[PDB]
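In what follows, chains are A, B, ... by sequence order, proteins preceding strands, each numbered from 1. Just so it is clear, the values below take in all heavy atoms, side chains as well, and ignore hydrogens, waters and symmetry mates.
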Amino acid sequence: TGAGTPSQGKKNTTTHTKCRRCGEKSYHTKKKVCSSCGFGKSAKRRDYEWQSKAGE
Amino acid sequence: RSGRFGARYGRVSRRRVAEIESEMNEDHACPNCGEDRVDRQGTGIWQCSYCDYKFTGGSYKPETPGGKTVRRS
Amino acid sequence: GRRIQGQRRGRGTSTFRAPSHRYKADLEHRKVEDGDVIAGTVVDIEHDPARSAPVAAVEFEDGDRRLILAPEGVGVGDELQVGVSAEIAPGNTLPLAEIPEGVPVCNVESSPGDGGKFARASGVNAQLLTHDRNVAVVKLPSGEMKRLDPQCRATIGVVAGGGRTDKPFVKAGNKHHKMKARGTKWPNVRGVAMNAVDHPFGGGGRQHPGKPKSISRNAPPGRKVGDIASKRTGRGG
RNA sequence: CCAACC
RNA sequence: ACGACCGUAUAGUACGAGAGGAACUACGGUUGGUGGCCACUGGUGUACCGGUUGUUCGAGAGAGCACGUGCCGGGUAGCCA
RNA sequence: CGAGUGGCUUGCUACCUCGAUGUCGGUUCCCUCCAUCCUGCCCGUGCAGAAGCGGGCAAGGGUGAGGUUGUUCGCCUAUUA
RNA sequence: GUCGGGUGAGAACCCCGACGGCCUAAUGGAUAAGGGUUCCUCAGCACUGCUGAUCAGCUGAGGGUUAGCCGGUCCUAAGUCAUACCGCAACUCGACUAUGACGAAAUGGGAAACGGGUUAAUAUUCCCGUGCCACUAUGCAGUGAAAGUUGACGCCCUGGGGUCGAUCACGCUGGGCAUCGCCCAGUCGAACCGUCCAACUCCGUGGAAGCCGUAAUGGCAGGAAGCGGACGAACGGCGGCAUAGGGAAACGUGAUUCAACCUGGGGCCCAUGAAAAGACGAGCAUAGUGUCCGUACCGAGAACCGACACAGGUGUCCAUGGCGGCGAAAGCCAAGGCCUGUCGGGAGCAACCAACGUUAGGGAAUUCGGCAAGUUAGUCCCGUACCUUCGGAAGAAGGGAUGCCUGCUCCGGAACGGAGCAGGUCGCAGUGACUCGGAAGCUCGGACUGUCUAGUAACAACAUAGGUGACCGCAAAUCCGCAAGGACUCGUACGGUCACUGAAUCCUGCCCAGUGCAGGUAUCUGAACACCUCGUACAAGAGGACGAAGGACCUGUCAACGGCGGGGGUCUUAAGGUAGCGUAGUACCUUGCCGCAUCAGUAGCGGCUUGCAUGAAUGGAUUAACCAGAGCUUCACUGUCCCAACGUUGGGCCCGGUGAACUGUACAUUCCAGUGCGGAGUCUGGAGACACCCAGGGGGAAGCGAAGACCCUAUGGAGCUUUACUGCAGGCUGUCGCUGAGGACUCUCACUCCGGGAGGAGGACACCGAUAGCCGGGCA
RNA sequence: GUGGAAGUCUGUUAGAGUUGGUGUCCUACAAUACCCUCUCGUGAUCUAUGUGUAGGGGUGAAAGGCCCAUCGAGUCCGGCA
Ligand SMILES: [Cl-]
Ligand SMILES: [Cl-]
Ligand SMILES: [Cl-]
Ligand SMILES: [K+]
Ligand SMILES: [Mg+2]
Ligand SMILES: [Mg+2]
Ligand SMILES: [Mg+2]
Ligand SMILES: [Mg+2]
Ligand SMILES: [Mg+2]
Ligand SMILES: [Mg+2]
Ligand SMILES: [Mg+2]
Ligand SMILES: [Mg+2]
Ligand SMILES: [Mg+2]
Ligand SMILES: [Mg+2]
Ligand SMILES: [Mg+2]
Ligand SMILES: [Mg+2]
Ligand SMILES: [Mg+2]
Ligand SMILES: [Mg+2]
Ligand SMILES: [Mg+2]
Ligand SMILES: [Mg+2]
Ligand SMILES: [Mg+2]
Ligand SMILES: [Mg+2]
Ligand SMILES: [Mg+2]
Ligand SMILES: [Mg+2]
Ligand SMILES: [Mg+2]
Ligand SMILES: [Mg+2]
Ligand SMILES: [Mg+2]
Ligand SMILES: [Mg+2]
Ligand SMILES: [Mg+2]
Ligand SMILES: [Mg+2]
Ligand SMILES: [Mg+2]
Ligand SMILES: [Mg+2]
Ligand SMILES: [Mg+2]
Ligand SMILES: [Mg+2]
Ligand SMILES: [Mg+2]
Ligand SMILES: [Mg+2]
Ligand SMILES: [Mg+2]
Ligand code: NA
Ligand code: NA
Ligand code: NA
Ligand code: NA
Ligand code: NA
Ligand code: NA
Ligand code: NA
Ligand code: NA
Ligand code: NA
Ligand code: NA
Ligand code: NA
Ligand code: NA
Ligand code: NA
Ligand code: NA
Ligand code: NA
Ligand code: NA
Ligand code: NA
Ligand SMILES: [Sr+2]
Ligand SMILES: [Sr+2]
Ligand SMILES: [Sr+2]
Ligand SMILES: [Sr+2]
Ligand SMILES: [Sr+2]
Ligand SMILES: [Sr+2]
Ligand SMILES: [Sr+2]
Ligand SMILES: [Sr+2]
Ligand SMILES: [Sr+2]
Ligand SMILES: [Sr+2]
Ligand SMILES: [Sr+2]
Ligand SMILES: [Sr+2]
Ligand SMILES: [Sr+2]
Ligand SMILES: [Sr+2]
Ligand SMILES: [Sr+2]
Ligand SMILES: [Sr+2]
Ligand SMILES: [Sr+2]
Ligand SMILES: [Sr+2]
Ligand SMILES: [Sr+2]
Ligand SMILES: [Sr+2]
Ligand SMILES: [Sr+2]
Ligand SMILES: [Sr+2]
Ligand SMILES: [Sr+2]
Ligand SMILES: [Sr+2]
Ligand SMILES: [Sr+2]
Ligand SMILES: [Sr+2]
Ligand SMILES: [Sr+2]
Ligand SMILES: [Sr+2]
Ligand SMILES: [Sr+2]
Ligand SMILES: [Sr+2]
Ligand SMILES: [Sr+2]
Ligand SMILES: [Sr+2]
Ligand SMILES: [Sr+2]
Ligand SMILES: [Sr+2]
Ligand SMILES: [Sr+2]
Ligand SMILES: [Sr+2]
Ligand SMILES: [Sr+2]
Ligand SMILES: [Sr+2]
Ligand SMILES: [Sr+2]
Ligand SMILES: [Sr+2]
Ligand SMILES: [Sr+2]
Ligand SMILES: [Sr+2]
Ligand SMILES: [Sr+2]
Ligand SMILES: [Sr+2]
Ligand SMILES: [Sr+2]
Ligand SMILES: [Sr+2]
Ligand SMILES: [Sr+2]
């Protein structure tokens, strides 16, 4: 069984969903953690300096 | 006996299984009496169909060389 | 390289864990204030998943229903005793001090009141040899003379299920079923059959450890494989 | 022979 | 677009003590290659005719489906060797 | 011992190609060379004949089937001009 | 698909009818996930649709999903999170321990709904009829109320009860067919309320010393059969429900086989097959309450994932429709669905290609190789070798039979179940299609079933049972974490950790010098702190004494790494290759030599064997059985071949419509020679050459596609190794702090461990912080 | 005779897999597809959903296999021009 097309047919699981906190479809309904804003993981908002060029 | 093993496994392996299970299924003298109605109910568990005496014993025999020693001493 | 299997084990992930949620009970001796005024009746004989041996359910006078590490020869209806004044019969528990010398015992405590640590496996037994006011000498199943506090409790007789080891598994499938009831990853791939990156013995055109197997006690995890601190090897001499 | 390394 | 060989007559002759044993020439055939043709033999021939298994159309009659003929037997034209 | 021709083998060189000219053997299909294996015509003989052996002209045509081996080559078998 | 017709400006593909077909575990019915309006209606065809389009999953506009009893909601599962506590420089990080919550929509547990009617689209939701559950109120009854029971459970064999379905018999209603008398359909009717009870268990009676009983096991004076009794089942029977409903009508009755569902008996485990909420226990009337969320549609060769209306992938139940037959097999056919695995028109329709049918004679000559194709085939009877671990080998092999019709026999309660007999009879052929093994021998490997390189490797590789060695008494061994802590472990030597070999069978020789591990160690060597000497008004520093682990040295150990030669009738470096096997999947020489087999055999098998360079758990030998594993031989068969032919279906060719891509410095009708960076359509010399177009097989463009995977070069990269360099974890060991009292010792008070607690064990050690020496590819 | 064991046999039952054709395809129906043949099919079996293990780390009956078309060290962004 190929890892490509034939293995894509088995994908019908719902993981990432609209997040209650930020509105992005990044709330992992299995982990109950938003990969975009951090909801469910931290009270503080998810942020990182690498989301932009170092000197900007 | 080991005839359910067909022509596989070899002599010894299925030679002991035969004996072990042979001495395992024999009619055993019930401790709660003296009748030969003791059958295995699972690993190390025996029961006398006559008087319903359920007790512990060896894995394949109701009594072991070590178990029969406890009595003495 | 990569961590060897022995190292993956320690993380205690599902693959290496024991099916605890399926285990029945902790067969520790009962705790008695004193007097030995504690007796119960064997209400049933059960199978213990964690030991491939039978265990006995006991209903005690004071209403406590508990599973007990059963010696050979215990059956339903039988009455068992646990205390200093308990009677000297198979299936009864009492401090070594009360046990007559030359009597096979099982589920021996290491430290008085711990519930039992020694001789609990199928058809085994410790042999009470010497008494004293300060030290009880027991001969454990491995043949080792162990000095114990006479206050260490134990059960008279040998553990049920003896001989279990005398019959061969015959099939891989039978090993398989037993293994599924233990905290063990099975089957076993030989170190010599893996790639160099996965084990000290991996690699090489043909299979063979490219080094002596007797490893030092001081070796770090990841390297301590093969014959650990062997005092000798082989059958000769 | 030969199709690389020995 | 023809190449080569075998056989017969020459002849048990010439030659040679013998053993052995030719040629010119005239013939018949085979083989390889070449071009064409189907009266003959052979193949095919899901044109066609027949036998027959299962099933469906109630039976009969007559048919469908079973892979582009269900299977089997025969085979015209044509095409072929 | 001396003098050469070929460019099938092998070696040598590193001129061409590393932004790639797919590598052995076989197979299929086509053209060619002659240093000629057979076939045509000759010369010599230690040429009686039959047949050998050696040499000359000559490239029109032919040079096949099989056993081991991937094999090329080769060894082997029965045919063959 | 075709013929007619309908609509429309327009019709091969939108609709009607007829005729012809396709799908049967699906191409039908219900659904989970997922999608999200794709559902229904009207109006449209610019977009989307493999052609067209009046059509549509497309465009515009509206509309559509109704619940006490179907899910959710409730419970808890593996397991997750939150808070507290603790760690961490710290946290959104981190293990444990408490507590709380979360965690199951087909498919875990679970209070209660059935039948019919209705709409363009919902429907156990609305409507009609009937019924049921929970809670609360009121009334009567009730003092019981929590013990127990249930929820609640594995795998294999099987009896009994029993509905639907299917079938058989006869009757009734309707249809079809038109030589007969056959063929088809229907013949209905729920939840619920009531009632019946087989099995199991038990009780009374009884009195078996051999009887009772089963498909089988089994049962009994510790009381068998028989007799009576208590308890006790179906989604089942029976009555109501029902002058409900439904049907044009009739609106049946019996039987067999019996999915569902109910209830028993047996067997297996080095394997033991959830939990909790809840329910029962624990009566009845009447009334009130029953909110909140989901509900359309697709569920796939066009509604999901795969960029697509993709030949892929994607769970569940319909597993009992008819013939067939062993069958949930093939083949054919219903119910139901479809003609959308969606471009058509034309040419006896050429070459060539994809699938495929038939080929005389020869019969593997083909080829690396029988690759491909074929041969055999179902069932019954006869018969069956070597070898063997006694299981097997085996369907060995080999031989014979097989339909139909008429009348029967046997087994069984019977089947629309099975086994036979006699007579008659047709074909080339009776497992007539379909379904359906070719067989045998020798050798190598791995014992076997099992695993694997998703996407070039299925094997001899990995696993395995079996054999073996190593570590560890549990405050352990092994392993994870910086720590707090953790896996193993609800475990305890018949354990479980670390390794090697790889079923059984017969065996497993010699070597401890080197390396590894372990033990010991008079003496030697061996760091830091403290101590002593010198030096410094101090300090740096120099030297000394003491000396742990470690090393030197000694010993043990090869089923520990590994080794088992050259020379002579010892030497290196410990030993000097034993049993076996042997030209090997190891032998260069090599096509070794002899034999077998063939016309001919670098192959294969047997034997010999000085083995370039076999050999014993780096396991040796051997081996029945097994194998999509490697090699060889034979019989059978055949278009693999001699040597090709004819035919079939789909393309190819022509026509309508639709309509890409690769590639392109320029020029370009070339050919023979030469030249040139030595492999030129373009330079030179000649030759040839009127332009354009169709079809073709691919000689050339050192064709297109990919900045060569080879090789080298770069003071390039990465993975891997080790007695490379240098370091870092980690382990061992000494020292200092924690740390107390009286080179050997006692004690208790810190601290540690066991204990529910009292208390017990241990104890200035251990743990932990710091530092010093040793080991240290585990890691960088 | 009964009984009905088995990592037991046959088997396109469901279901799982993939020996050969080095067939078809190879600007594909498809960035792993199609057909025939073939293997397994009561168990170390297959399968759905839920759940856990995370990057020098997992997971691995071991092939350097697998960890979302990516693995002798994933992916994303940043270091970074
Ligand atoms: Cl084990
Ligand atoms: Cl629902
Ligand atoms: Cl029964
Ligand atoms: K090159
Ligand atoms: Mg316990
Ligand atoms: Mg497990
Ligand atoms: Mg192994
Ligand atoms: Mg490997
Ligand atoms: Mg490798
Ligand atoms: Mg390594
Ligand atoms: Mg050069
Ligand atoms: Mg090229
Ligand atoms: Mg010449
Ligand atoms: Mg010529
Ligand atoms: Mg509907
Ligand atoms: Mg389509
Ligand atoms: Mg023929
Ligand atoms: Mg040949
Ligand atoms: Mg074949
Ligand atoms: Mg009868
Ligand atoms: Mg061989
Ligand atoms: Mg194998
Ligand atoms: Mg592969
Ligand atoms: Mg395979
Ligand atoms: Mg083993
Ligand atoms: Mg072992
Ligand atoms: Mg091995
Ligand atoms: Mg192996
Ligand atoms: Mg040989
Ligand atoms: Mg040895
Ligand atoms: Mg080895
Ligand atoms: Mg390059
Ligand atoms: Mg390289
Ligand atoms: Mg490097
Ligand atoms: Mg503690
Ligand atoms: Mg390194
Ligand atoms: Mg899962
Ligand atoms: Na020359
Ligand atoms: Na060639
Ligand atoms: Na010539
Ligand atoms: Na040859
Ligand atoms: Na009833
Ligand atoms: Na049937
Ligand atoms: Na169409
Ligand atoms: Na199998
Ligand atoms: Na040694
Ligand atoms: Na050796
Ligand atoms: Na196999
Ligand atoms: Na053919
Ligand atoms: Na060309
Ligand atoms: Na690398
Ligand atoms: Na028997
Ligand atoms: Na295949
Ligand atoms: Na990484
Ligand atoms: Sr696929
Ligand atoms: Sr899925
Ligand atoms: Sr969180
Ligand atoms: Sr931030
Ligand atoms: Sr415990
Ligand atoms: Sr405890
Ligand atoms: Sr190795
Ligand atoms: Sr030895
Ligand atoms: Sr003549
Ligand atoms: Sr003569
Ligand atoms: Sr037909
Ligand atoms: Sr046939
Ligand atoms: Sr180039
Ligand atoms: Sr010449
Ligand atoms: Sr001549
Ligand atoms: Sr040769
Ligand atoms: Sr138009
Ligand atoms: Sr529609
Ligand atoms: Sr919940
Ligand atoms: Sr449910
Ligand atoms: Sr099951
Ligand atoms: Sr029945
Ligand atoms: Sr619906
Ligand atoms: Sr459907
Ligand atoms: Sr599909
Ligand atoms: Sr129909
Ligand atoms: Sr269309
Ligand atoms: Sr014919
Ligand atoms: Sr052949
Ligand atoms: Sr041949
Ligand atoms: Sr036969
Ligand atoms: Sr072997
Ligand atoms: Sr696989
Ligand atoms: Sr493969
Ligand atoms: Sr063995
Ligand atoms: Sr040594
Ligand atoms: Sr020898
Ligand atoms: Sr010119
Ligand atoms: Sr062409
Ligand atoms: Sr099987
Ligand atoms: Sr099978
Ligand atoms: Sr292949
Ligand atoms: Sr084929
Ligand atoms: Sr491909
Ligand atoms: Sr079966
Ligand atoms: Sr991948
Ligand atoms: Sr960057």
Side-chain angles (χ1 to χ4, degrees), chain A residues 1-12 14 32 38 41-44 50-51 54, chain B residues 3-13 42-43 59, chain C residues 2 6-7 9-18 20-21 23-26 31 47 49-52 110-114 117-124 140-142 144 146 149 151 162-165 167-178 180-181 183 187 189-198 203 208-209 211-223 225-237:
Chain A
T1 312
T5 310
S7 286
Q8 304 310 117
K10 292 189 178 188
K11 299 179 180 177
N12 64 341
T14 280
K32 302 304 183 188
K41 184 197 183 205
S42 75
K44 290 188 161 74
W50 46 258
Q51 292 178 307
Chain B
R4 59 197 177 74
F5 283 159
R8 303 183 290 284
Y9 314 141
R11 305 182 185 182
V12 174
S13 259
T43 296
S59 278
Chain C
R2 295 157 83 194
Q7 293 183 291
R9 286 184 66 228
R11 298 176 69 265
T13 49
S14 189
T15 293
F16 305 94
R17 246 181 275 145
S20 300
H21 60 285
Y23 281 172
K24 285 183 176 176
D26 149 297
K31 300 159 187 179
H47 170 76
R51 305 184 307 119
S52 294
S110 177
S111 187
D114 66 36
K117 305 289 189 185
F118 309 113
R120 329 221 321 161
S122 289
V124 312
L140 299 181
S142 71
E144 155 172 339
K146 185 77 167 185
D149 181 303
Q151 222 43 45
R164 180 189 49 167
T165 256
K167 188 183 183 180
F169 288 93
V170 183
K171 297 180 294 174
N174 290 347
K175 239 289 177 52
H176 171 89
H177 297 298
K178 179 183 182 183
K180 209 157 188 187
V189 176
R190 289 135 54 234
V192 170
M194 307 180 275
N195 288 316
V197 66
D198 291 319
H208 67 97
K211 234 185 196 164
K213 304 187 308 181
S214 294
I215 187 70
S216 164
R217 246 274 133 52
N218 307 315
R223 182 188 175 191
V225 305
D227 309 328
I228 302 173
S230 65
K231 303 171 198 70
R232 60 159 295 150
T233 61
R235 317 193 81 192

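Residue-level contact check: C/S110 touches the backbone only, with heavy atoms under 4.0 Å from sugar-phosphate atoms and none from bases. At a threshold of 4.0 angstrom between heavy atoms, the contacts of C/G236 are confined to the sugar-phosphate backbone, with no base atom among them. Contacts of C/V197 with the nucleic acid, taken as non-hydrogen atoms under 4.0 Å apart, include base atoms.
Residue C/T15 places its side chain closer to H/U59 than to any other of G/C517, G/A729, H/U59. If you check G/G473, G/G273, G/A271 against the side chain of C/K146, the one that comes closest is G/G473. For C/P187, taking side-chain heavy atoms from C-beta onward, the closest of the listed nucleotides H/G60, G/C498, G/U464 is G/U464. Checking G/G473, H/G58, G/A625 against the side-chain heavy atoms of B/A7 singles out G/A625 as nearest. Looking at the side chain of C/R235, the nearest of the listed nucleotides G/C488, G/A518, G/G469 is G/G469. Listed nucleotides G/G306, G/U389, H/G52 differ in distance to B/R11; the shortest reach to its side chain belongs to G/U389. Side chain of C/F16, nearest nucleotide from G/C479, G/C471, H/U59: H/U59. Taking the side chain of A/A3 as heavy atoms from C-beta on, and the options G/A493, G/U272, G/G455, the nearest nucleotide is G/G455. Residue C/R164 places its side chain closer to G/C494 than to any other of G/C720, H/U70, G/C494. Distance from the side chain of C/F118 is smallest for G/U492 among the nucleotides G/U492, G/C558, G/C472.
Between G/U201 and G/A230, both key atom distances fall under 3.5 Å, giving a Watson-Crick or G-U wobble pair. Judged by Watson-Crick and G-U wobble geometry, where both atom pairs must sit under 3.5 Å apart, G/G541 and G/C534 count as a base pair. Judged by the 3.5 Å cutoff on both pairing distances, G/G757 and G/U167 do not qualify as a Watson-Crick or G-U wobble pair. If you check E/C57 against E/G62, you find a Watson-Crick or G-U wobble pair, both contacts below 3.5 Å. Remark: the bases of G/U771 and G/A67 do not meet in a Watson-Crick or G-U wobble pair with both edge contacts under 3.5 Å. No Watson-Crick or G-U wobble pair links G/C529 with G/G8 with both defining distances under 3.5 Å. Pairing between G/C297 and G/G35: present (Watson-Crick or G-U wobble, both distances under 3.5 Å).
Taking atom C1' on both G/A414 and G/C258, the two are 14 Å apart, rounded to the nearest angstrom. Remark: the separation of the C1' atoms in G/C371 and G/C641 is 14 Å, to the nearest Å. Using atom P as the reference point in both G/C193 and G/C284, the two lie 12 Å apart (nearest Å). Nucleotides G/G28 and G/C182, compared at atom P, are 40 Å apart to the nearest Å.
When both pairing distances are held under 3.5 Å, G/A287 makes a Watson-Crick or G-U pair with G/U136. In a base pair of the Watson-Crick type (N1 to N3 plus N6-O4 or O6-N4) or a G-U wobble (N1-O2 and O6-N3), with each distance short of 3.5 Å, G/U205 is matched with G/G226. Pair assignment for G/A644 gives G/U359, based on Watson-Crick or G-U wobble hydrogen-bonding distances that are each under 3.5 Å. Across all strands shown, E/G54 forms a Watson-Crick or G-U wobble pair, both distances under 3.5 Å, with E/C65. Across every strand in view, G/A43 sits in a pair with G/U59 that passes the Watson-Crick or G-U test at under 3.5 angstrom. Shown here, G/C155 forms a base pair with G/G267; the pair counts as Watson-Crick or G-U wobble because both key distances fall under 3.5 Å. Across every strand in view, G/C510 sits in a pair with G/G563 that passes the Watson-Crick or G-U test at under 3.5 angstrom.
Side-chain N/O atoms of A/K11 include none lying less than 4.0 angstrom from OP1 or OP2 on G/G306.
Straight-line distance from the OH atom of B/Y9 to the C1' atom of G/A624: 15 Å, rounded to whole Å. In this structure, C/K175 atom NZ and G/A465 atom P are separated by 4 Å, rounded to whole Å. Distance, C/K211 NZ to G/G514 P: 20 Å, rounded to whole Å. The separation between C/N174 atom CG and G/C268 atom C1' is 11 Å, rounded to whole Å. Rounded to whole angstrom, the span from the NE2 atom of C/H208 across to the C1' atom of G/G562 amounts to 11 Å. A straight line from CZ of C/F169 to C1' of G/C269 spans 12 Å, rounded to a whole angstrom. Between the CG atom of C/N218 and the P atom of G/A549 there is a distance of 14 Å, rounded to whole Å. Rounded to whole Å, the distance from CZ on B/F5 to P on G/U449 is 16 Å.
A 4.5 Å side-chain heavy-atom check between C/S122 and C/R51 finds every atom pair outside the cut-off.
With ring centres under 5.5 Å apart and planes tilted under 30°, the neighbouring bases F/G26 and F/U27 are scored as stacked. Neighbouring nucleotides G/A30 and G/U31 have six-membered base rings whose centres lie under 5.5 Å apart with planes under 30° to each other, which meets the stacking criterion. For the neighbouring bases G/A487 and G/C488, a stacking contact is recorded, both ring-centre distance under 5.5 Å and ring-plane angle under 30° holding. Without both a ring-centre distance below 5.5 Å and an interplanar angle below 30°, F/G60 is not stacked on F/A59.
Using a 3.5 Å distance cut-off with no hydrogens or angles, the side chains of B/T43 and C/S52 do not pair a donor with an acceptor.
C/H176 does not qualify as a stacking partner of the H/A44 base, lacking a centre-to-centre distance under 5.5 Å together with planes within 30°.
For H/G52, the base has no donor-acceptor partner in the side chain of C/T13 [N/O atoms by modelled type, under 3.5 angstrom].
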